[PDB]
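Beneath this line is the structure, given in structure tokens, with notes to follow.
We did not get these values from a lab; they are worked out from the coordinates using the rules stated. So basically every Cβ, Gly included, is an ideal-geometry build from the backbone, and we count neighbours across all protein chains shown.
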Amino acid sequence: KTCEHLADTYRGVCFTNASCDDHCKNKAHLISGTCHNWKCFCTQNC
């Protein structure tokens, strides 16, 4: 299975799927990250 985590160092609100991706990649060097409930979650294998 895979576990996702929401980063506390985001920009508050989300506008486009790219906001989390860049964010995740730059914040938590992982594969990808999307917007959930205006928040950002990253993808991490575990």
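Can you list residue pairs whose Cβ atoms sit under 9 Å apart, with the first residue in region 32-46 being under 15 Å from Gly12 (Cα atoms) and the second being among the basic types (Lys, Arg) and assigned to a loop (DSSP other than H, G, I, E, B)? Count only pairs 6 or more apart in sequence or on different chains.
These pairs meet every condition: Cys40/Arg11.
For (1) touching a helix residue (DSSP H, G or I) at 6+ places or on another chain (Cβ under 9 Å); (2) surrounded by 17 or more Cβ atoms within 10 Å (Cβ to Cβ); (3) of a type in the set (A, V, I, L, M, F, W, C); (4) assigned to a loop (DSSP other than H, G, I, E, B), each residue gets a yes or a no:
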{"residue": "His5", "(1), (2), (3), (4)": "no, no, no, no"}
{"residue": "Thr9", "(1), (2), (3), (4)": "yes, no, no, yes"}
{"residue": "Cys14", "(1), (2), (3), (4)": "yes, yes, yes, yes"}
{"residue": "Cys20", "(1), (2), (3), (4)": "no, yes, yes, no"}
{"residue": "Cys24", "(1), (2), (3), (4)": "no, yes, yes, no"}
{"residue": "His29", "(1), (2), (3), (4)": "no, no, no, yes"}
{"residue": "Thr34", "(1), (2), (3), (4)": "yes, yes, no, no"}
{"residue": "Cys42", "(1), (2), (3), (4)": "yes, yes, yes, no"}
